[PDB]
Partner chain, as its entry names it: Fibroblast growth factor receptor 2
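In structure tokens, one chain follows: the form deposited without the partner chain.
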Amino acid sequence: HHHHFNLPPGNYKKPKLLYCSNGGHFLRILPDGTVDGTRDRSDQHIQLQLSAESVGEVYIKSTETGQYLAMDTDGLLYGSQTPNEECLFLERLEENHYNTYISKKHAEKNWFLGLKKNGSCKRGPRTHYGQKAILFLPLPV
């Protein structure tokens, strides 16, 4: 392992909203495959169904579109039509409270899922432990 194994409480029974502490945005996966954040709780593209691969491993899928959250070779997030290696994230507890999502594929590089205060997604290499951008709160929908 390149990372710790403190896991967050909770399960994957119901879909969730992934609320980013940084700018107060909900993670959004647009039908066009684009990824960002919105403060509009009413958005239809913020509903996500998480599931587990191995313990601590998850898929993050748009309920509206069926698209899987993924991070490309260049660290850019995108919506994938099919589940692939770029779609697996290491879900962990952080600061004894939040959830962090590390790219499994790019784990050794410490590339995280993250949102800027302006609601735009962060590129892998620009993320790092210790930022507010990587902190998420899963909220029920």
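Positions refer to the first chain, counted from 1.
Enquirer: Taking the mean of the C-alpha B-factors per stretch from the entry, tell me the winner out of 36 to 44 and 111 to 119.
Expert: The stretch with the larger mean CA B-factor is 36 to 44.
Enquirer: With respect to the recorded C-alpha B factors, which stretch has the higher mean value, 87 to 95 or 61 to 69?
Expert: Comparing 87 to 95 with 61 to 69, the higher mean C-alpha B-factor belongs to 61 to 69.
Enquirer: Would you please rank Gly10 by its C-alpha temperature factor against the other modelled residues of its chain and give the third it falls in: lowest, middle or highest?
Expert: Tercile = highest for this residue's CA B-factor.
Enquirer: Splitting the chain's C-alpha B-factors into thirds, which one does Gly56 fall into?
Expert: As the PDB entry reports it, the C-alpha B-factor of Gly56 lands in the lowest third of its chain.
Enquirer: Can you tell me which third, lowest, middle or highest, the CA B-factor of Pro125 falls into for its chain?
Expert: Middle third of the chain for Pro125's C-alpha B-factor.
Enquirer: Looking at the entry's B-factor column for C-alpha atoms only, identify whether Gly79 ranks in the lowest, middle or highest third of its chain.
Expert: It belongs to the lowest third of the chain when residues are ordered by C-alpha B-factor.
Enquirer: Comparing against every modelled residue in the chain, figure out the third that the C-alpha B-factor of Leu27 lands in (lowest, middle or highest).
Expert: Middle third - that is where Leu27 ends up once the chain's C-alpha B-factors are sorted.
We do not show the form solved in complex with the partner chain, though everything after this point is about it.
Enquirer: Is there a heavy atom of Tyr78 no more than 4.5 Å from a heavy atom of the partner chain in the deposited complex?
Expert: No.
Enquirer: Given that the partner chain is not shown alongside this chain, does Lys105 nevertheless sit within 4.5 Å of it in the deposited complex, heavy atom to heavy atom?
Expert: Because no heavy atom of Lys105 falls inside 4.5 Å of the partner chain in the deposited complex, the answer is no.
Enquirer: Mind listing which residues of 76 to 107 have a heavy atom within 4.5 Å of the partner chain in the deposited complex?
Expert: The stretch 76 to 107, when checked against the partner chain in the deposited complex, contributes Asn96, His97, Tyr98 at the 4.5 Å heavy-atom cut-off.
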